[PDB]
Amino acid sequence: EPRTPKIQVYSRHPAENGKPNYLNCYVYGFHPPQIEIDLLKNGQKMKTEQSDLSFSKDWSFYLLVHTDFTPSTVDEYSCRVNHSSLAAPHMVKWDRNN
C-alpha cells in the first residue's frame, strides 16, 4: 500500500568549512503524507523550516525541510525520516559531494 520516500541531503551551495550555508533534506515519492523529517547536527534535532505539502503527477508527496548551518570538520549533519513505509527511522548522512 504505502510508497517509500526517496531522500537527498545536500547544501544549497558547495560547502566551505566556516561559511554559512543552508542544509536541505528533499524527501519525495512517499504516500501516505504523514511523515516525520528532521535535520540532525550530531544526531540532535535542529530548528528547521518545512515546505508546504504538495504531490506530483503520480500523487506521491514531496517536502523540502531546511535550515541555516555553517559546515565544519567537527560537525556531522544528517536527516532522520520516519514514514509508515519504513520498519524504523532512516538517517541519511550529509556528504558535501552529494
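Each residue number is its position in the shown sequence, starting from 1.
For this session: Mind pulling up the entry and telling me whether 14-22 or 82-90 has the higher mean Cα temperature factor?
Result: Mean B over CA atoms: larger for 14-22.
Exercise. Mean CA B-factor: is it higher for 66-74 or for 25-33?
Worked result: Higher mean C-alpha B-factor in the PDB entry: 66-74.
Problem set entry | Lowest, middle or highest third - CA B-factor, residue 51 | Middle third of the chain for residue 51's C-alpha B-factor.
Exercise. Relative to the other modelled residues in the chain, which third contains the C-alpha temperature factor of residue 96: lowest, middle or highest?
Worked result: According to the entry, residue 96 has a C-alpha B-factor in the chain's highest third.
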